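Engineer: Dropping a structure here in structure tokens format, bear with me for questions.
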Amino acid sequence: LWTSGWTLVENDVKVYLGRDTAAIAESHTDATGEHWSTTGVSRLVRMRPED
Amino acid sequence: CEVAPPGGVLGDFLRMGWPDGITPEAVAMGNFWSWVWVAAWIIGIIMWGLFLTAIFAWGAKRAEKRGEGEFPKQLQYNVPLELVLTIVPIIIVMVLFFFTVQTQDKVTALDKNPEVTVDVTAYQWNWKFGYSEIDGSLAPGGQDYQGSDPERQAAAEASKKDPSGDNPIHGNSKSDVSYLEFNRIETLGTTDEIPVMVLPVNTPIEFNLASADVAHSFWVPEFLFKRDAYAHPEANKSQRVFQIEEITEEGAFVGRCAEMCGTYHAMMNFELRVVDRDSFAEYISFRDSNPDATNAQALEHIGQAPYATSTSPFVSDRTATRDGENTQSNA
Amino acid sequence: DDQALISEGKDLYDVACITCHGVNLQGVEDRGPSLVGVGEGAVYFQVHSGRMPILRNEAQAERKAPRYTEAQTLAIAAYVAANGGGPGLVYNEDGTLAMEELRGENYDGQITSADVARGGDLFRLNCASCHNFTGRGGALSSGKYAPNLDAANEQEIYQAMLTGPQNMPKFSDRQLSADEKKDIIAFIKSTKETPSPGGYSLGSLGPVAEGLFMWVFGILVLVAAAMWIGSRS
Amino acid sequence: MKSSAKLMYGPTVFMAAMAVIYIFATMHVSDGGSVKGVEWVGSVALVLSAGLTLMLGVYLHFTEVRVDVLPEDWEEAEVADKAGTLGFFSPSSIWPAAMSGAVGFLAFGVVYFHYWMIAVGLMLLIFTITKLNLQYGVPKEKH
Amino acid sequence: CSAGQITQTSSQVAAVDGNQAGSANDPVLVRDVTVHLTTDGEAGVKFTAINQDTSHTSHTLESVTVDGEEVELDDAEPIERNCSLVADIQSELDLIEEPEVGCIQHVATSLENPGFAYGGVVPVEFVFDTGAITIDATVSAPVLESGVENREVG
Ligand code: HEC
Ligand code: HEC
């Protein structure tokens with residue numbers, strides 16, 4: 001209970017403030033059949049101070 | 001009335017707090033009020049006397065000390081006296097109603113031939129005055145001045161229907177404002193400034209009332225008269241025009257709203273400033289010639305107070321007013 | 001076209017709003033804020049939904065029957081826009097205000113369900129805390145509340161997100177972009193306009209409605225049946 | 001019930017006469033400080049007020065021509081005349097309070113305009129009214 | 001209880017980035033004062049100077065500065081009573097129409113960016129002929145044309 005994700009900023013890692021884009025997985029279908037992919041998407045996204 | 005009050009301290013007592021009035025019909029209303037109060041005082045004392053007689057004369061201890069016995073005469077009916085006492089108030093209210101009709105009809109008659117007509121707009125919560133027509137004597141041009149603004153009033157007439165079509169109220173839009181008169185010479189009242197309408201002395205004047213929002217009322221205590229301003233006065237079958245035969249003396253006079261309109265009903269004051277007839281021509285020519293100039297600048301052009309001396313604007317902060325200094329310093 | 005529209009805007013503004021906003025939109029000390037820079041969208045939202053004029057200072061303004069029509073609303077918005085601009089209305093490709101074309105990033109003629117999924121997760125992230133899961137509204141501190149979203153059209157939703165009317169935070173078009181906003185509109189309208197598969201929805205207020213229904217009337221009917229079948233002595 | 005059946009004829013005729021006088025007056029008198037034209041509010045009220053009093057008077061008279069010389073109306077009646085059963089009167093009942101509460105619930109329902117409150121209020125209201133009307137006729141407990 | 005002298009609807013300010021200065025009793029008010037800095041790097045000062053001096057002492061904005069640094073602005077007419085001088089960067093100023101009825105005037109602005117940061121706050125100093133007015137203002141980007149921009153991943 002003493003820790004969280006932000007504990008990584010304890011002089012180890014650069015940690016951005018990531019906003020949630022709520023992106024779903026994206027479907028892809030062909031002769032092999034319909035399957036869902038998350039290879040081209042990202043739910044968390046960085047943000048500039050003018051947003 | 002054509003007959004003046006008793007005057008003196010008796011008149012002051014009978015007044016009893018009315019302003020003296022500054023128009024002919026104000027004088028008429030004041031005189032009628034004074035004599036009606038005389039008659040009312042007669043009735044009041046001549047019945048309080050009978051109640052006092054009951055308190056002191058018709059007491060039971062006196063009559064029992066006098067030996068009258070346990071009971072009085074037990075009279076119940078005196079029909080002739082009852083009929084006389086019934087006939088008396090009939091005649092009193094009848095003869096009162098005659099003079100009531102007289103004074104009322106000379107007040108309300110719309111045949112006073114205005115030289116000036118001012119369109120007045122009431123809105124939540126301030127007044128907007130606009131000079132509608134001015135006779136050639138006072139107008140800048142020699143010919144009669146007509147103040148209706150063509151473009152802005154054309155917008156008002158175009159608002160009647162077809163905002164892409166709703167038209168619920170008898171075929172017109174619910175937000176119709178074609179009943180409002182928009183004029184090019186206007187004084188606009190604000191929370192930062194008390195509006196002041198400038199009028200001349202000794203001219204028949206006309207007021208044309210209307211209301212953008214809920215019902216208001218125009219009350220000048222020095223006219224001893226007030227009239228309700230309604231939205232769509234024609235639709236309400238309400239008479240939106242009233243005329244004063246003249247104003248008889250110059251000065252600044254407060255005027256208030258006398259109809260419960262909403263939250264800031266108390267803050268809705270205006271001023272009616274009556275000025276020399278020769279100065280009114282200067283005022284109207286100044287306002288017409290350089291319309292960008294404010295009302296205060298025109299009042300300075302006359303050579304009188306740029307702002308309403310009768311009442312100052314209320315402070316608009318809801319905490320600062322606690323110590324009783326709720327008055328804004330106009331200058 | 002706008003130059004003459006601004007005149008009607010001024011005429012309407014002078015006759016209603018000065019008492020709270022001043023002749024020059026500077027505001028008044030405690031009676032109303034300044035309107036410099038709010039733009040067309042804030043005026044459209046406030047007037048078209050009928051929130052303005054506010055005739056009583058309260059914990060919060062109220063939606064009600066609007067005091068002006070559409071053209072008058074756009075006229076007043078044009079007049080206010082002439083004093084500093086601000087966020088603007090979302091005009092469609094032909095110039096009309098966008099309605100039914102904001103329902104999803106990928107709108108063609110019907111609500112795309114992928115947009116509904118993304119908008120549902122977005123609404124749950126941002127909007128559903130003050131409103132509820134399906135936008136039935138919610139309560140706040142000291143007499144304020146978040147309204148039920150069934151009343152607003154799509155333009156009102158967009159300008160609400162854009163302007164942050166009273167206590168609603170602003171959601172600029174670079175925090176929640178147009179695709180995100182349109183997916184949110186799609187989710188709102190889908191939840192509004194879809195019947196519940198499981199019968200009468202009980203308002204979708206959650207456990208409270210279901211509780212009240214059963215624990216009062218459902219048990220009452222069964223004790224009535226018991227009284228039918230049993231005895232009173 | 002003779003005197004009260006017939007004393008109602010004064011108010012109703014006065015109201016009817018005032019209604020016709022007022023309709024002619026407002027439709028003809030073009031006085032300043034007012035607008036000519038018949039007003040329907042007020043005239044409708046006056047005629048239907050005359051209607052209310054006329055309904056009362058005519059029903060009472062139509063009834064009174066049937067009844068006998070009741071001792072309460074006989075100016076020299078004795079207390080022995082009215083000996084017998086006066087009638088049936090409710091001793092006690094909880095249902096007036098119940099249906100007052102039901103009407104209150106319905107009124108609150110239309111205040112906020114929650115439709116379920118209106119429906120439940122109407123249901124509860126007719127239930128309480130029915131229980132009021134069946135109070136002295138509920139069947140004995142069927143064994 | 002909510003309709004008292006202290007009320008939630010009465011204390012509110014506009015939902016805008018621009019700060020404001022001046023009471024109802026002050027002669028000249030500045031509303032919506034903000035430092036704009038578009039993504040393309042150009043910058044300026046948005047504001048609206050409203051004159052309400054009851055003495056009718058028409059003023060002329062002599063200068064404006066941000067942290068003491070100059071901001072360019074020209075063709076500023078005097079502001080007589082009940083008039084508004086709206087100032088903004090030229091690109092944003094082009095988006096709205098100048099009103100032919102009313103006293104408003106539009107004026108363009110521009111300043112060289114010394115390195116101001118988005119999010120921060122910087123002082124702004126106005127000086128008119130009748131005196132100086134100081135007010136802190138935030139730095140932010142102008143508003144997008146609403147509805148045109150999508151979240152782009154890369
Ligand atoms: C609490 C901090 C809120 C969050 C988060 C969001 N909104 Fe909201 N919203 C809130 C309030 C207090 C109000 C009322 C504003 C007023 O002046 O009355 C609103 C209003 C809306 C509306 C208007 C609804 C109407 O009936 O007109 C809409 C369309 C709306 N809000 C949408 C909305 C969305 C989509 C949000 C997530 C992006 C959102 N709001 C967040 C309070 C809060
Ligand atoms: C007082 C009598 C008012 C009148 C008349 C009008 N409005 Fe108003 N407005 C008033 C208050 C008390 C408030 C703050 C409370 C709130 O609901 O926000 C407002 C606010 C606005 C806003 C919001 C500004 C923002 O930054 O989002 C707008 C856009 C607005 N008012 C516009 C407006 C217009 C155009 C009016 C006349 C047509 C109008 N309001 C009337 C009080 C009063």
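The chains in the structure tokens are called A, B, ... from first to last as shown; in each chain the residues are counted from 1, and the ligands are counted from 1 in the order shown.
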Kindly work out which residues sit at most 9 Å from ligand 1, using only C-alpha atoms and all ligand atoms, and give the list as a PyMOL selection string.

Structural biologist: chain C and resi 45-46+49-51+60-63+122-131+135+137-140+144-162+164-171+176+181+184-185+188

Engineer: Restricted to C-alpha atoms, what would the selected residues look like written as a CSV table (one decimal), in the first residue's frame?

Structural biologist:
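Writing done, so here's result.csv:
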chain,number,residue,atom,x,y,z
C,45,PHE,CA,-26.4,27.2,-25.6
C,46,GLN,CA,-27.6,29.6,-22.9
C,49,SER,CA,-31.9,25.9,-24.2
C,50,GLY,CA,-33.8,28.7,-22.4
C,51,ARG,CA,-31.4,29.0,-19.4
C,60,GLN,CA,-28.0,27.1,-10.2
C,61,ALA,CA,-29.8,28.3,-13.4
C,62,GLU,CA,-32.7,26.2,-14.8
C,63,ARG,CA,-33.6,25.0,-18.2
C,122,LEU,CA,-15.5,8.2,-23.0
C,123,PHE,CA,-18.8,9.2,-21.3
C,124,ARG,CA,-18.0,6.8,-18.5
C,125,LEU,CA,-14.5,8.4,-18.2
C,126,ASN,CA,-15.5,12.0,-18.1
C,127,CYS,CA,-19.2,12.7,-18.1
C,128,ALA,CA,-20.8,9.9,-16.2
C,129,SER,CA,-19.3,11.0,-12.8
C,130,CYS,CA,-21.6,14.1,-12.6
C,131,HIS,CA,-24.4,12.7,-14.7
C,135,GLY,CA,-27.0,10.4,-18.4
C,137,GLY,CA,-28.3,13.3,-14.1
C,138,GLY,CA,-27.0,13.5,-10.6
C,139,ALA,CA,-26.6,15.8,-7.5
C,140,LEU,CA,-23.9,18.1,-6.4
C,144,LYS,CA,-26.6,22.2,-7.5
C,145,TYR,CA,-27.3,19.3,-9.8
C,146,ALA,CA,-26.3,17.8,-13.2
C,147,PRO,CA,-29.3,17.7,-15.5
C,148,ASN,CA,-30.7,14.8,-17.4
C,149,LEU,CA,-29.3,14.8,-21.0
C,150,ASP,CA,-32.5,13.8,-22.7
C,151,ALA,CA,-33.5,17.4,-23.4
C,152,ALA,CA,-30.6,18.7,-25.4
C,153,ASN,CA,-30.0,18.4,-29.2
C,154,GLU,CA,-26.6,17.6,-30.6
C,155,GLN,CA,-25.5,21.2,-31.0
C,156,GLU,CA,-26.4,22.0,-27.4
C,157,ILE,CA,-24.4,18.9,-26.3
C,158,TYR,CA,-21.4,20.1,-28.3
C,159,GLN,CA,-21.5,23.7,-27.0
C,160,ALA,CA,-22.1,22.4,-23.5
C,161,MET,CA,-18.9,20.4,-23.7
C,162,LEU,CA,-17.1,23.3,-25.3
C,164,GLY,CA,-18.6,24.6,-19.5
C,165,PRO,CA,-21.9,26.4,-18.6
C,166,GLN,CA,-21.8,27.0,-14.8
C,167,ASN,CA,-19.9,24.2,-12.9
C,168,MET,CA,-19.3,22.0,-15.8
C,169,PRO,CA,-15.6,22.0,-16.7
C,170,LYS,CA,-14.7,23.1,-20.2
C,171,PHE,CA,-13.8,20.4,-22.7
C,176,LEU,CA,-11.7,16.1,-26.4
C,181,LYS,CA,-17.1,14.7,-29.0
C,184,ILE,CA,-19.9,11.0,-27.1
C,185,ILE,CA,-23.0,12.5,-28.9
C,188,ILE,CA,-25.8,9.8,-25.6

Engineer: With a distance cut-off of 12 Å and only C-alpha atoms, select the neighbouring residues of segment 36-47 of chain A, excluding the residue or stretch itself and same-chain residues fewer than 6 positions from it, and output the selection as a list in words.

Structural biologist: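 My list of contacting residues is residues 15, 16, 17, 18, 19, 20, 21, 22, 23, 24, 25, 26, 27, 28, 29 and 30 of chain A; 118, 121, 122, 174, 175 and 176 of chain C; 151, 152, 153 and 154 of chain E.
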
Engineer: Mind listing as a ChimeraX atom specification which residues of chain B are within 10 Å of chain D, counting only C-alpha atoms?

Structural biologist: /B:104-111,227,234,236-242

Engineer: Any chance you can output those residues with N, CA and C atoms as a compact mmCIF listing (two decimals), in the first residue's frame?

Structural biologist:
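Wrote it out as out_37.txt, contents follow:
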# COMPACT_ATOMS: atom_id res chain seq x y z
N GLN B 104 -62.84 61.45 -13.04
CA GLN B 104 -62.28 60.33 -13.78
C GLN B 104 -62.30 60.60 -15.27
N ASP B 105 -63.42 61.11 -15.78
CA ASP B 105 -63.52 61.32 -17.22
C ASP B 105 -62.62 62.45 -17.68
N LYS B 106 -62.48 63.52 -16.89
CA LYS B 106 -61.53 64.55 -17.33
C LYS B 106 -60.08 64.09 -17.19
N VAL B 107 -59.81 63.07 -16.36
CA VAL B 107 -58.46 62.51 -16.30
C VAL B 107 -58.18 61.67 -17.54
N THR B 108 -59.06 60.72 -17.85
CA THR B 108 -58.73 59.65 -18.78
C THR B 108 -58.93 60.00 -20.24
N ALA B 109 -59.53 61.15 -20.55
CA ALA B 109 -59.90 61.44 -21.94
C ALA B 109 -58.66 61.61 -22.80
N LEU B 110 -58.63 60.91 -23.94
CA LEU B 110 -57.52 60.99 -24.89
C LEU B 110 -57.87 61.95 -26.02
N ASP B 111 -57.95 63.24 -25.67
CA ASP B 111 -58.21 64.28 -26.66
C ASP B 111 -57.41 65.55 -26.35
N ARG B 227 -50.09 53.87 -14.60
CA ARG B 227 -50.70 53.05 -15.64
C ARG B 227 -49.86 51.81 -15.88
N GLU B 234 -52.41 45.52 -27.24
CA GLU B 234 -53.59 45.31 -28.06
C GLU B 234 -54.21 43.95 -27.77
N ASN B 236 -54.14 42.30 -25.01
CA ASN B 236 -54.76 42.35 -23.69
C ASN B 236 -55.99 43.25 -23.64
N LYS B 237 -56.32 43.95 -24.72
CA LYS B 237 -57.37 44.97 -24.71
C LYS B 237 -57.11 46.01 -23.61
N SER B 238 -55.85 46.38 -23.47
CA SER B 238 -55.41 47.39 -22.51
C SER B 238 -55.05 48.67 -23.26
N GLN B 239 -55.46 49.80 -22.71
CA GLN B 239 -55.19 51.10 -23.34
C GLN B 239 -53.76 51.50 -23.03
N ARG B 240 -52.92 51.53 -24.06
CA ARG B 240 -51.48 51.75 -23.89
C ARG B 240 -51.07 53.21 -24.05
N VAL B 241 -52.02 54.12 -24.25
CA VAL B 241 -51.73 55.54 -24.47
C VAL B 241 -52.42 56.34 -23.39
N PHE B 242 -51.69 57.28 -22.78
CA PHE B 242 -52.31 58.25 -21.89
C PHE B 242 -51.63 59.60 -22.05

Engineer: Contacts from chain B to chain C, 6 Å maximum, only C-alpha atoms: show me the residue list as a count of residues only.

Structural biologist: 5

Engineer: Mind checking DSSP for segment 4-142 of chain D and telling me the alpha helix (DSSP H) residues as a count of residues only?

Structural biologist: 86

Engineer: Hey, which bits of chain B sit within 9 Å of ligand 2, and for each residue what's the closest pair of atoms and how far apart in Å (one decimal), counting only C-alpha atoms and all ligand atoms, rows by chain and increasing number, as a Markdown table?

Structural biologist:
| residue | atom | partner | partner_atom_place_in_ligand_line | distance |
| --- | --- | --- | --- | --- |
| B:124 | CA | ligand 2 | 2 (C) | 6.7 |
| B:125 | CA | ligand 2 | 2 (C) | 7.2 |
| B:263 | CA | ligand 2 | 2 (C) | 8.5 |
| B:264 | CA | ligand 2 | 2 (C) | 8.3 |

Engineer: Return the neighbours of chain E among the residues of chain C, cut-off 7 Å, counting only C-alpha atoms, as number ranges by chain.

Structural biologist: C: 3, 6-7, 24, 28-38, 57-60, 81-85, 87-90, 163-164, 173, 177-179

Engineer: Pull N, CA and C atoms from the residues just selected and write them as a short mmCIF file (atom, residue, chain, number, x, y, z; two decimals), in the first residue's frame.

Structural biologist:
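That gives us again.cif:
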data_model
loop_
_atom_site.label_atom_id
_atom_site.label_comp_id
_atom_site.auth_asym_id
_atom_site.auth_seq_id
_atom_site.Cartn_x
_atom_site.Cartn_y
_atom_site.Cartn_z
N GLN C 3 -23.67 41.72 -40.92
CA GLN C 3 -23.59 43.11 -40.47
C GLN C 3 -24.96 43.65 -40.08
N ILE C 6 -26.36 41.81 -36.79
CA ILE C 6 -25.83 42.35 -35.54
C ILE C 6 -26.72 43.46 -35.00
N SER C 7 -27.42 44.18 -35.88
CA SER C 7 -28.29 45.25 -35.42
C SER C 7 -29.46 44.71 -34.61
N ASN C 24 -22.10 47.31 -22.36
CA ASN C 24 -20.87 46.93 -23.05
C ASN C 24 -20.36 45.57 -22.56
N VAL C 28 -21.85 43.04 -14.25
CA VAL C 28 -22.33 43.85 -13.14
C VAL C 28 -21.82 43.19 -11.86
N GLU C 29 -21.73 44.00 -10.80
CA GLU C 29 -20.86 43.69 -9.65
C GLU C 29 -21.15 42.33 -9.04
N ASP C 30 -22.43 42.03 -8.78
CA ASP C 30 -22.85 40.71 -8.32
C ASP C 30 -24.00 40.14 -9.13
N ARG C 31 -24.46 40.83 -10.17
CA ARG C 31 -25.71 40.49 -10.83
C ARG C 31 -25.52 39.66 -12.08
N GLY C 32 -24.37 39.74 -12.73
CA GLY C 32 -24.07 38.87 -13.84
C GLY C 32 -22.62 39.00 -14.30
N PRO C 33 -22.07 37.96 -14.90
CA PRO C 33 -20.67 38.01 -15.33
C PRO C 33 -20.50 38.81 -16.61
N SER C 34 -19.24 39.07 -16.94
CA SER C 34 -18.91 39.67 -18.23
C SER C 34 -19.04 38.63 -19.34
N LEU C 35 -19.48 39.09 -20.51
CA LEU C 35 -19.65 38.23 -21.68
C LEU C 35 -18.61 38.49 -22.76
N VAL C 36 -17.49 39.11 -22.42
CA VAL C 36 -16.45 39.33 -23.41
C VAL C 36 -15.78 38.00 -23.72
N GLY C 37 -15.77 37.63 -25.00
CA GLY C 37 -15.01 36.49 -25.46
C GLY C 37 -15.69 35.14 -25.34
N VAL C 38 -16.94 35.08 -24.86
CA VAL C 38 -17.60 33.79 -24.72
C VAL C 38 -17.94 33.20 -26.09
N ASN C 57 -31.57 34.79 -8.70
CA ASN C 57 -30.30 34.22 -8.30
C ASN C 57 -30.56 33.03 -7.38
N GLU C 58 -29.87 31.93 -7.66
CA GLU C 58 -30.20 30.64 -7.08
C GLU C 58 -28.89 29.87 -6.96
N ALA C 59 -28.98 28.64 -6.44
CA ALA C 59 -27.83 27.74 -6.49
C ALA C 59 -27.39 27.49 -7.92
N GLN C 60 -28.33 27.50 -8.87
CA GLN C 60 -28.03 27.11 -10.24
C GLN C 60 -29.15 27.61 -11.15
N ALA C 81 -20.61 37.99 -30.39
CA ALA C 81 -19.38 37.60 -31.06
C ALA C 81 -18.62 38.82 -31.53
N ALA C 82 -19.32 39.90 -31.90
CA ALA C 82 -18.62 41.11 -32.31
C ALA C 82 -17.77 41.72 -31.20
N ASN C 83 -18.02 41.36 -29.93
CA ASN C 83 -17.19 41.79 -28.80
C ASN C 83 -16.25 40.67 -28.35
N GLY C 84 -15.25 40.37 -29.18
CA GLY C 84 -14.16 39.51 -28.78
C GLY C 84 -14.22 38.07 -29.28
N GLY C 85 -15.30 37.66 -29.93
CA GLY C 85 -15.34 36.32 -30.47
C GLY C 85 -15.36 35.25 -29.39
N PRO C 87 -15.22 30.60 -28.85
CA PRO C 87 -15.63 29.37 -29.53
C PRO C 87 -16.87 29.60 -30.38
N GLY C 88 -16.95 28.85 -31.49
CA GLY C 88 -17.96 29.05 -32.50
C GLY C 88 -18.87 27.84 -32.66
N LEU C 89 -19.98 28.07 -33.35
CA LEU C 89 -20.93 27.01 -33.64
C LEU C 89 -20.38 26.07 -34.71
N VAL C 90 -20.78 24.80 -34.62
CA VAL C 90 -20.36 23.77 -35.56
C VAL C 90 -21.32 23.83 -36.75
N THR C 163 -18.14 24.90 -23.69
CA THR C 163 -18.18 26.14 -22.92
C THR C 163 -18.15 25.95 -21.41
N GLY C 164 -18.62 24.82 -20.88
CA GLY C 164 -18.61 24.62 -19.45
C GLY C 164 -19.57 25.57 -18.76
N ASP C 173 -11.67 21.68 -27.76
CA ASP C 173 -11.56 20.79 -28.91
C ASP C 173 -10.16 20.23 -29.11
N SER C 177 -11.24 15.97 -28.76
CA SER C 177 -11.30 16.40 -30.15
C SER C 177 -12.69 16.15 -30.72
N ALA C 178 -12.88 16.61 -31.96
CA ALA C 178 -14.20 16.53 -32.59
C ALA C 178 -14.65 15.09 -32.75
N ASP C 179 -13.73 14.18 -33.06
CA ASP C 179 -14.10 12.77 -33.17
C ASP C 179 -14.59 12.24 -31.83
#

Engineer: I'd like to know which of C:43, C:219, C:225, C:209 is closest to chain D, using only C-alpha atoms.

Structural biologist: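 Among the listed residues, C:209 lies closest to chain D.
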
Engineer: Can you list, as a ChimeraX atom specification, every protein, DNA or RNA residue that comes within 10 Å of segment 108-112 of chain E when you count only C-alpha atoms, leaving out same-chain residues fewer than 2 positions away?

Structural biologist: /E:35-37,41-46,65-66,69-76,86-94,106,114-115

Engineer: Mind writing the picked residues with N, CA and C atoms as an mmCIF file, in the first residue's frame?

Structural biologist:
data_model
loop_
_atom_site.group_PDB
_atom_site.id
_atom_site.type_symbol
_atom_site.label_atom_id
_atom_site.label_comp_id
_atom_site.auth_asym_id
_atom_site.auth_seq_id
_atom_site.Cartn_x
_atom_site.Cartn_y
_atom_site.Cartn_z
ATOM 1 N N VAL E 35 -2.757 36.239 -22.872
ATOM 2 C CA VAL E 35 -1.615 36.170 -23.774
ATOM 3 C C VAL E 35 -1.833 34.968 -24.680
ATOM 4 N N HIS E 36 -2.072 35.224 -25.961
ATOM 5 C CA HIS E 36 -2.264 34.161 -26.936
ATOM 6 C C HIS E 36 -0.941 33.827 -27.604
ATOM 7 N N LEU E 37 -0.756 32.543 -27.900
ATOM 8 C CA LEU E 37 0.479 32.049 -28.506
ATOM 9 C C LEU E 37 0.099 30.820 -29.331
ATOM 10 N N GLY E 41 3.730 29.628 -33.288
ATOM 11 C CA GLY E 41 4.710 30.449 -32.614
ATOM 12 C C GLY E 41 4.345 31.918 -32.496
ATOM 13 N N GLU E 42 3.497 32.431 -33.385
ATOM 14 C CA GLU E 42 3.085 33.826 -33.290
ATOM 15 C C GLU E 42 2.312 34.045 -31.994
ATOM 16 N N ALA E 43 2.355 35.276 -31.488
ATOM 17 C CA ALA E 43 1.801 35.574 -30.176
ATOM 18 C C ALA E 43 1.217 36.978 -30.162
ATOM 19 N N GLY E 44 0.462 37.260 -29.107
ATOM 20 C CA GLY E 44 -0.076 38.589 -28.903
ATOM 21 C C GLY E 44 -0.883 38.635 -27.625
ATOM 22 N N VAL E 45 -1.551 39.768 -27.416
ATOM 23 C CA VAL E 45 -2.352 40.009 -26.221
ATOM 24 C C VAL E 45 -3.783 40.273 -26.654
ATOM 25 N N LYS E 46 -4.686 39.389 -26.248
ATOM 26 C CA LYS E 46 -6.115 39.597 -26.401
ATOM 27 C C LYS E 46 -6.630 40.339 -25.179
ATOM 28 N N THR E 65 2.198 46.205 -22.334
ATOM 29 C CA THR E 65 3.430 45.437 -22.224
ATOM 30 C C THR E 65 3.165 44.147 -21.460
ATOM 31 N N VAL E 66 3.969 43.133 -21.764
ATOM 32 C CA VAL E 66 3.898 41.815 -21.144
ATOM 33 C C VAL E 66 5.256 41.549 -20.510
ATOM 34 N N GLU E 69 7.956 43.657 -21.707
ATOM 35 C CA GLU E 69 8.251 43.582 -23.129
ATOM 36 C C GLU E 69 7.122 44.218 -23.930
ATOM 37 N N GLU E 70 7.480 44.888 -25.019
ATOM 38 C CA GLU E 70 6.496 45.617 -25.802
ATOM 39 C C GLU E 70 5.589 44.658 -26.568
ATOM 40 N N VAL E 71 4.355 45.103 -26.805
ATOM 41 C CA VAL E 71 3.447 44.481 -27.763
ATOM 42 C C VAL E 71 3.059 45.538 -28.789
ATOM 43 N N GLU E 72 3.190 45.186 -30.062
ATOM 44 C CA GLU E 72 2.823 46.062 -31.162
ATOM 45 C C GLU E 72 1.312 46.158 -31.262
ATOM 46 N N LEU E 73 0.821 47.394 -31.368
ATOM 47 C CA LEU E 73 -0.558 47.681 -31.727
ATOM 48 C C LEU E 73 -0.639 49.116 -32.229
ATOM 49 N N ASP E 74 -1.480 49.330 -33.243
ATOM 50 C CA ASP E 74 -1.565 50.604 -33.944
ATOM 51 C C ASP E 74 -3.021 50.920 -34.262
ATOM 52 N N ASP E 75 -3.266 52.187 -34.598
ATOM 53 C CA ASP E 75 -4.581 52.662 -35.034
ATOM 54 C C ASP E 75 -5.642 52.518 -33.943
ATOM 55 N N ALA E 76 -5.257 52.701 -32.683
ATOM 56 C CA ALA E 76 -6.208 52.656 -31.576
ATOM 57 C C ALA E 76 -6.849 54.028 -31.411
ATOM 58 N N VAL E 86 -11.628 46.349 -28.670
ATOM 59 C CA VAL E 86 -11.311 44.927 -28.668
ATOM 60 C C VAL E 86 -9.987 44.739 -29.387
ATOM 61 N N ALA E 87 -9.067 44.021 -28.746
ATOM 62 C CA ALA E 87 -7.736 43.789 -29.275
ATOM 63 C C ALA E 87 -7.469 42.301 -29.303
ATOM 64 N N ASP E 88 -6.865 41.842 -30.393
ATOM 65 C CA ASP E 88 -6.539 40.421 -30.503
ATOM 66 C C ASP E 88 -5.510 40.270 -31.614
ATOM 67 N N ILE E 89 -4.965 39.062 -31.747
ATOM 68 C CA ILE E 89 -4.041 38.816 -32.846
ATOM 69 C C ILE E 89 -4.813 38.844 -34.160
ATOM 70 N N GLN E 90 -4.099 39.167 -35.242
ATOM 71 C CA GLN E 90 -4.755 39.475 -36.509
ATOM 72 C C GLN E 90 -5.522 38.277 -37.048
ATOM 73 N N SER E 91 -4.941 37.079 -36.952
ATOM 74 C CA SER E 91 -5.613 35.888 -37.460
ATOM 75 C C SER E 91 -6.935 35.658 -36.740
ATOM 76 N N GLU E 92 -6.931 35.778 -35.413
ATOM 77 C CA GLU E 92 -8.170 35.624 -34.658
ATOM 78 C C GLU E 92 -9.090 36.819 -34.853
ATOM 79 N N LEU E 93 -8.523 38.015 -35.020
ATOM 80 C CA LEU E 93 -9.345 39.203 -35.212
ATOM 81 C C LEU E 93 -10.120 39.147 -36.522
ATOM 82 N N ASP E 94 -9.588 38.452 -37.528
ATOM 83 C CA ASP E 94 -10.273 38.348 -38.811
ATOM 84 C C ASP E 94 -11.530 37.489 -38.742
ATOM 85 N N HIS E 106 -12.193 47.250 -33.602
ATOM 86 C CA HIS E 106 -11.263 46.128 -33.606
ATOM 87 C C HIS E 106 -9.852 46.603 -33.922
ATOM 88 N N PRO E 114 9.233 36.058 -25.998
ATOM 89 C CA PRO E 114 10.536 35.894 -25.345
ATOM 90 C C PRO E 114 10.786 34.497 -24.800
ATOM 91 N N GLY E 115 9.816 33.589 -24.916
ATOM 92 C CA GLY E 115 9.940 32.233 -24.417
ATOM 93 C C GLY E 115 8.887 31.886 -23.384
#

Engineer: Please identify which residues in segment 33-230 of chain C DSSP calls strand (DSSP E) from the backbone, and express them as a list in words.

Structural biologist: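 Of segment 33-230 of chain C, the ones in strand (DSSP E) are residues 138, 139, 145 and 146 of chain C.
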
Engineer: Please report as a VMD selection string which residues of chain C come no farther than 10 Å from chain D, using only C-alpha atoms.

Structural biologist: chain C and resid 202 to 203 217 231 to 233
